[PDB]
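Beneath this line is the structure, given in structure tokens, with notes to follow.
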Amino acid sequence: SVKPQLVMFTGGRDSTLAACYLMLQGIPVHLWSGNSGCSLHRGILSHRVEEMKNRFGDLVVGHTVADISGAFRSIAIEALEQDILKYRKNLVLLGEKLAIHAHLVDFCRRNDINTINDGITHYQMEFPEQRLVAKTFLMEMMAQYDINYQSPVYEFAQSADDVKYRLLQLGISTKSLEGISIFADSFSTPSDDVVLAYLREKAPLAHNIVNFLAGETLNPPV
Amino acid sequence: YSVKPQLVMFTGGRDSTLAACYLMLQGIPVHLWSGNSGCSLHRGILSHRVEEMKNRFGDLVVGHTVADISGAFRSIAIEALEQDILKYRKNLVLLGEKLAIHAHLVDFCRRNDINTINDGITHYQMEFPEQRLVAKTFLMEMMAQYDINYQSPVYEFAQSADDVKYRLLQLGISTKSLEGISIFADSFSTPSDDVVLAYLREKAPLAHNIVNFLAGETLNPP
Amino acid sequence: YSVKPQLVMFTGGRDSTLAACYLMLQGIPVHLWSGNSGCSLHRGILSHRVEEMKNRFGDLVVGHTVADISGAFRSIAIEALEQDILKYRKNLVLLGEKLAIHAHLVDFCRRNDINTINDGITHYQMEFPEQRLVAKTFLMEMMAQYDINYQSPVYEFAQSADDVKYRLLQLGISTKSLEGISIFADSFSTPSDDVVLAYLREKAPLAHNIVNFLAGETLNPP
Amino acid sequence: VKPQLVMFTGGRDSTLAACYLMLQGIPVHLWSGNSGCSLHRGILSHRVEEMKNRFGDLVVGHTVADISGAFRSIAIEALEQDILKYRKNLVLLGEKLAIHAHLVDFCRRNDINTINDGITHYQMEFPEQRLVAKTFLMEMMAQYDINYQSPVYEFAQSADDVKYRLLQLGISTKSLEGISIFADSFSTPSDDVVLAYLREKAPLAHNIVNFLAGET
Amino acid sequence: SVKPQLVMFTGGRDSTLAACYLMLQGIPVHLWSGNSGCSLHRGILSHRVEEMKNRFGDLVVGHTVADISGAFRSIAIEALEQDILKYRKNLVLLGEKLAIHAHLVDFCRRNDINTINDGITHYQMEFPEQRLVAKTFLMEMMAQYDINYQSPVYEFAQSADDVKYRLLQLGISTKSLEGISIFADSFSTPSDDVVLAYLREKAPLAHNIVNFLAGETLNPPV
Amino acid sequence: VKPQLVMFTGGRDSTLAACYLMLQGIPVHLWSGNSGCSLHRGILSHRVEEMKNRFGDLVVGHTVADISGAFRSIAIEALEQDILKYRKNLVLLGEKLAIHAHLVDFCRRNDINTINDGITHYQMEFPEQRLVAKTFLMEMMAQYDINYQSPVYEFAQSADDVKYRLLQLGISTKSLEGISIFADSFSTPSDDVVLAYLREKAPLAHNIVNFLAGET
Amino acid sequence: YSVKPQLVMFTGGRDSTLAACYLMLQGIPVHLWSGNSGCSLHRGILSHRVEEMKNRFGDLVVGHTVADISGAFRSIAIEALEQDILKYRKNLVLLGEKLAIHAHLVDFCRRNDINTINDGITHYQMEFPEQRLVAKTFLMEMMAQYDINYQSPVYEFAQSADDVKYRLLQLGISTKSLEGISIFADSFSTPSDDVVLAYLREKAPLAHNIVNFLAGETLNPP
């Protein structure tokens with residue numbers, strides 16, 4: 006009876022908690038994992054999915070693992086020289102998150118989902134993908150396609166410990182059982198100005214990829 | 005049967021792969037059609053490509069037909085190989101192959117209620133007679149005589165190989181051309197359009213005759 | 005290992021069938037060797053013939069090798085097909101095939117300790133260049149340069165097809181030619197001996213080069 | 007479309023004939039007569055499968071018939087008198103008549119009114135394939151309301167004509183048929199000899215028709 | 006300990022008795038059946054072989070069914086016009102028996118057997134193969150290859166009833182459980198002169214077939 | 007004959023190189039480095055089997071190695087400083103160095119003294135295939151008593167040279183290899199840039215050698 | 005549609021084989037009935053013959069009954085063997101057997117609703133007393149007393165033994181008489197008609213009494 010909603014699920018405590026918190030309210034979640042082609046040691050994810058099935062059962066409506074390596078490549082890797090020389094910062098993981106959201110427009114339109122959720126946390130704002138400026142941009146982007154983008158644990162998680170102890174109360178382990186990006190700890194921290202400028206520069210390519218995945222064009226952005 | 009299925013001349017190459025994917029992205033079911041002319045080497049890797057597309061599109065791949073066209077090919081292009089080469093001073097065997105392909109497709113389309121065929125002829129491959137507009141224009145006329153619509157859905161878009169490869173990558177399909185090689189690859193020099201058109205108009209009667217035989221309308225030669 | 009095994013160029017035809025049977029009747033074990041040049045149609049029926057011979061001779065059939073020779077064939081006979089035909093005014097593709105066969109047999113014989121090869125060239129089939137004494141004499145010389153003895157054990161005997169067929173019948177083997185057809189069958193007019201010998205002497209360097217490559221002695225062209 | 011019958015030997019001519027009918031949307035019941043002296047018939051099975059593979063459900067059946075008894079009565083029992091009078095081994099012409107006598111029985115018991123073979127112009131030396139034999143067998147089949155047709159007789163002006171049309175269908179080109187032991191066992195007979203042997207043997211052919219039918 | 010001997014075994018009462026009689030004496034028999042390609046309803050033979058295994062066990066050392074259709078064809082069918090016009094008699098079954106004996110030379114030489122036996126009976130002398138003149142000729146033929154040809158039930162069987170009742174005493178059925186030749190009752194009875202003349206005319210072809218089966222020649226008789 | 011190692015990507019050049027060695031009677035241990043960012047690598051398995059099918063027991067093994075960690079330390083960890091200084095994405099050159107550092111470990115632990123790849127003249131635009139990179143990697147391998155050889159580097163003057171030799175062996179001609187996600191992600195660098203990146207990264211390469219060996 | 009099944013007195017001999025086949029050719033289903041009298045040898049081969057007929061006619065063979073008639077046979081023909089032979093001066097045991105057969109057939113026909121029986125009288129065979137008019141007239145009367153119609157459908161259908169054989173051959177059935185042998189075969193001299201009729205008339209009371217017993221109407225002797 007309650008409409009399923011999607012959660013950007015990595016196996017991390019934060020996205021785990023976000024999905025659990027929605028399920029506690031009786032909201033079924035479709036777990037969606039993006040594989041960008043550069044993630045290491047992803048196997049342990051299935052241990053985490055198992056914990057969640059054991060705790061909520063029917064509310065976990067599914068787990069989709071999507072190959073997003075192509076969109077990721079086009080947005081964030083193809084122009085890596087130009088990108089780094091311009092911004093002075095490796096913003097590959099911010100690119101990855103834009104690739105995730107381009108794929109999710111297509112996914113949502115094709116599976117009748119209109120609410121997506123991630124586990125971006127306040128305590129991790131030092132990462133581009135989790136800054137308010139990135140979040141605000143991506144909400145606007147998703148709203149252009151009539152998709153509601155929410156971050157259910159964003160305000161609450163002021164520290165790692167907060168998320169951990171809430172997971173423990175659910176009988177779920179407190180560890181982040183997710184793969185590591187080969188790009189982990191390969192960047193310095195960017196300013197907000199830089200985060201927003203990267204996003205606005207890559208946005209045309211992201212919307213173009215949406216258009217392609219919908220079968221509406223094959224031609225590049227103008 | 006939302007959408008009427010359409011055929012794609014599918015070799016396993018990136019170009020015809022993309023053409024088929026692009027139609028399916030629009031919700032057009034495709035019958036994949038491969039011609040085996042008897043002279044192709046190392047064709048096995050084609051099935052890897054078919055698998056990738058079924059994984060990605062499911063039911064929209066309505067079928068893969070591999071047709072034995074080796075008889076129509078010998079009759080059109082091999083039997084009179086001496087005469088052909090001495091006359092036009094050009095090995096046009098692969099142009100003959102394409103006429104054999106189209107003879108078989110008339111029969112296939114009439115017998116499976118398909119009236120739109122598609123290939124992956126690309127702008128960036130124009131040096132080969134089978135993809136040079138003069139041959140394409142001839143073959144569109146031929147197909148239209150049997151009320152068959154011949155389209156080239158990636159023709160305008162593909163200005164380079166790189167364009168096709170990364171749009172496939174964005175679909176989670178590999179970028180390689182996983183097709184068999186003709187033993188006649190790199191066995192010809194470049195012909196003029198005058199020569200290409202003269203060969204096609206000389207072999208056309210044979211092509212149409214083969215159509216008539218396959219439809220059970222005659223046994224007699226042209 | 006009473007008798008040293010010998011190879012037979014075996015196509016499934018009545019002639020090479022008889023040659024192999026005749027050697028086995030003497031107590032000579034034969035390795036049956038079939039070349040696949042990539043352009044043969046409807047080869048399956050060959051295995052019916054191999055079965056008949058094993059039934060009749062048992063252990064004396066030491067093996068059946070089907071070799072992929074399509075690469076040596078393209079290099080010798082197909083790559084320069086325009087030049088070849090314009091020069092000699094004759095489709096000599098099948099003469100090239102036979103040179104490709106013999107290149108591979110040098111390598112095969114050296115690697116399997118065989119120094120006698122046999123075919124079923126018959127008197128009654130002399131109109132085809134590969135069986136005309138001038139080509140046979142050339143190929144005996146070629147094989148002798150590698151200390152390989154080339155014999156034609158049914159050459160003198162077979163004055164007609166009927167002779168070969170009923171001697172097979174007396175062995176309880178079928179009389180039919182159960183061999184694949186070349187797509188180039190009936191694609192040539194008759195060449196002069198001068199022309200046959202000139203083609204062979206022009207392609208010989210390529211043949212010997214292919215031998216050298218297969219023996220791991222060079223990568224470089226002639 | 008009412009199935010029709012085809013006398014199939016696995017040979018190229020009768021392969022092509024049967025293939026040509028199915029191309030027209032006409033289902034074919036394949037029928038092969040085993041006269042008891044055929045050698046190495048296993049290669050037939052490989053031909054049938056090439057045809058099922060090319061035409062599917064249009065190949066409606068494959069009957070192998072024991073016709074050895076009718077053959078023996080028509081063409082073997084009086085072989086002395088036959089050769090002594092005709093000067094010619096006509097054993098494969100009697101086989102053709104036995105085939106047709108069985109076929110009257112087969113067609114009447116299986117609701118078939120059309121039978122088809124692959125005699126060809128190019129093979130006219132052979133009595134079972136001359137126009138004189140064919141016209142008689144035509145007449146004889148018609149007597150029982152059965153229509154005998156040779157779909158490739160006119161077109162096949164050489165072995166080459168059949169082969170090429172067969173390559174256009176994806177079917178090997180060679181003759182995957184059993185051999186008669188009586189192959190290359192005769193000389194060429196005249197039209198006179200061929201018409202005369204058939205008019206003599208016919209009554210015995212029609213008695214066997216009558217018997218197979220339950221009517222003596 | 007006793008050297009096996011061969012018996013020309015058809016499943017008939019006579020050859021059955023001949024084989025049984027040898028076994029009663031402690032002589033192991035190799036049963037040899039020739040299939041000439043024109044025999045009908047041969048299945049019932051196996052019922053007879055079973056009876057004999059049950060009665061003698063180890064003495065039945067084996068049953069070989071040989072394809073002799075080729076030798077039979079060459080000797081007796083190929084020249085059937087000439088044969089009948091000359092002799093005024095269908096002597097195909099006398100030919101068959103010469104074909105049997107040509108094959109048995111080869112069989113005996115290759116399996117170390119030097120005594121062969123049949124079940125020719127006095128009461129069946131009206132058949133060419135069983136006349137004294139044919140027998141005497143075939144003994145001479147077999148002796149030329151140091152093979153002993155015997156007819157162990159020849160003198161004893163003055164009537165069918167004699168053979169029958171001896172079989173019954175062995176607990177073996179009295180019926181002839183053999184295939185019928187398509188040539189059964191297709192001949193009139195020949196004179197001795199005619200039987201001997203046919204045999205002497207076909208003998209060169211029979212010896213030639215022996216020579217071929219031994220791998221000593223491929224060429225026809227002079 | 008002592009097996010040698012070949013860096014196999016499933017590409018035509020390293021297929022041909024490995025094939026050429028086996029043609030000489032030299033057994034080859036095939037080794038493929040998975041740097042963690044390779045896409046659609048399944049087509050590799052089809053290439054290996056074509057080679058086992060052509061050379062049997064001369065293909066002595068296929069190791070796939072996780073080299074992702076060494077790659078990350080050499081070529082990813084400091085990507086900002088690398089691009090900012092070099093002006094050039096050299097991530098696939100560091101990959102080449104990580105490959106060689108792992109290979110010192112692999113060869114010493116598996117009694118191999120000879121390693122082989124399929125760099126070619128015709129592909130010289132690419133830093134991992136220039137003579138300047140090769141000569142260094144030569145020098146570096148020699149420091150550990152290891153002989154690095156490129157069996158087809160001299161002969162391969164175009165893609166066409168490799169293909170034809172491959173058709174002569176019965177092996178498809180196309181490149182059945184995984185792609186780097188970093189393909190078509192860079193511009194062409196100079197010799198100066200390529201020599202300089204390697205001399206800087208090298209110490210980090212040799213520390214990893216030392217670690218993999220148990221010696222810090 | 006079909007016809008009321010009828011019974012055929014089947015022994016496995018050509019004559020009764022043909023009779024059954026002839027009825028089936030007309031579309032008359034036959035119940036094949038064999039009597040086992042307890043003194044028949046080597047009966048196994050009967051089933052081979054039944055199989056041939058099933059193969060050729062399918063459902064028209066409605067069954068094969070083998071009846072134990074040894075007791076009726078004993079009572080009619082063996083118990084008083086001394087008296088019988090001393091009186092008539094002839095061993096008429098097999099005539100007794102046939103009366104035992106007919107007693108059993110009354111019971112069989114009344115219990116399975118069969119009212120037409122058929123034998124395989126063909127041409128004149130002197131050996132069979134039961135085939136002379138006097139014996140047949142007696143047996144028809146006996147069967148008619150129980151309203152059972154006795155027919156000879158193939159009486160003079162063939163003029164000789166060879167004619168029966170080759171009519172079966174034309175049906176694709178073997179020509180051999182595949183029946184068991186009575187131990188009494190050829191244990192009698194030829195009797196006169198007077199003697200045949202007198203034996204029948206003397207044993208009839210016993211036969212009818214056995215009918216009465218088998219119908220459960222009496223225990224008491226005649």
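From first to last, the protein sequence lines stand for chains A, C, C', E, A', E' and N. A prime marks a further copy of an entry chain.
Residue numbering for the first sequence follows the authors' numbering, starting at 6 and increasing by one per position.
Residue numbering for the second sequence follows the authors' numbering, starting at 5 and increasing by one per position.
Residue numbering for the third sequence follows the authors' numbering, starting at 5 and increasing by one per position.
Residue numbering for the fourth sequence follows the authors' numbering, starting at 7 and increasing by one per position.
Residue numbering for the fifth sequence follows the authors' numbering, starting at 6 and increasing by one per position.
Residue numbering for the sixth sequence follows the authors' numbering, starting at 7 and increasing by one per position.
Residue numbering for the seventh sequence follows the authors' numbering, starting at 5 and increasing by one per position.
Cβ coordinates follow ideal geometry from the N, Cα and C atoms, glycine included.
In the three-state reduction of the DSSP assignment, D72 (chain E) falls in the strand class. Taking C-alpha positions only, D190 (chain C) is separated from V70 (chain E) by approximately 51 Å.
C-alpha of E101 (chain A') to C-alpha of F188 (chain C'): approximately 44 Å in a straight line. In the three-state DSSP reduction, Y150 (chain C') falls in the coil class, being neither helix nor strand.
When DSSP reads this structure, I185 (chain C) sits in a beta bridge with C:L45. Contact check for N119 (chain E') against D151 (chain E') passes: the beta carbons are separated by less than 8 Å. For the region 187-199 of chain C, the beta-carbon criterion of a distance under 8 Å to any beta-carbon of chain E' is satisfied by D190.
Beyond the five residues adjoining it in sequence on each side, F61 (chain C') comes within less than 6 Å, by CB distance, of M28 in the same chain, given in chain order. For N213 (chain E), the CB contacts under 8 Å within the same chain, skipping 5 residues up- and downstream, are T222 in chain order. Nearest in C-alpha terms to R136 (chain C'), of all of C':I89, C':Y159 and C':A211, is C':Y159. Close to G42 (chain A), with beta-carbon spacing below 7 Å, are these residues of chain E' in chain order: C43, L45 and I187.
Taking 7 Å as the upper bound on Cβ-Cβ separation, chain C' lies near residues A76, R78 and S79 of the region 76-101 of chain A'. Only residues of its own chain outside the window of five on either side were considered, and among them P209, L210, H212 and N213 have a CB closer than 8 Å to the CB of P226 (chain C), listed in chain order. For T120 (chain A), no alpha helix (DSSP H) run applies; the uninterrupted beta strand (DSSP E) run containing it begins and ends at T120 to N122, by DSSP. Interface flag for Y5 (chain N) against chain E is unset, since no Cβ pair is found closer than 8 Å. The three-state reading of DSSP puts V7 (chain E) in coil, since its state is none of H, G, I, E or B.
For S51 (chain N), no beta strand (DSSP E) segment is defined; the enclosing uninterrupted segment is the alpha helix (DSSP H) at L50 to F61. At least 8 Å separates the CB of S38 (chain E) from every CB of chain A'.
Here DSSP, grouped into helix, strand and coil, assigns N116 (chain A) to helix. Interface criterion not met: the Cβ of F14 (chain C) is under 8 Å from no Cβ in chain A. The DSSP-derived three-state label of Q135 (chain N) is helix. Within chain E, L173 and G176 have C-beta atoms less than 8 Å from the C-beta of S74 (chain C), given in sequence order. Contact annotation for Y170 (chain N) against chain E: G75, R78, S79 and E83 [CB-CB distance below 9 Å, chain order]. Within the model, the alpha-carbon separation for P9 (chain A') versus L64 (chain A') is close to 8 Å. Using a 10 angstroms sphere on the CB of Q87 (chain C'), the tally of other CB atoms stays under 16, which defines it as exposed. Under DSSP, the beta-bridge partners assigned to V34 (chain A) are A:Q10 and A:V65. The C-beta of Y128 (chain N) has fewer than 16 other C-beta atoms within 10 Å across all chains shown, which makes the residue exposed. Annotation: Cβ neighbours of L29 (chain N) in chain E (cutoff 8 Å, chain order): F217, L218, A219 and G220. Contact annotation, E183 (chain A') with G16 (chain A'): C-beta distance approximately 4 Å; criterion of less than 8 Å satisfied. Minimum Cα-Cα distance from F77 (chain E) among the listed residues N:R205, N:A219 and N:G176 corresponds to N:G176.
DSSP, reduced to helix, strand and coil, places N216 (chain E) within a helical segment of the structure shown.
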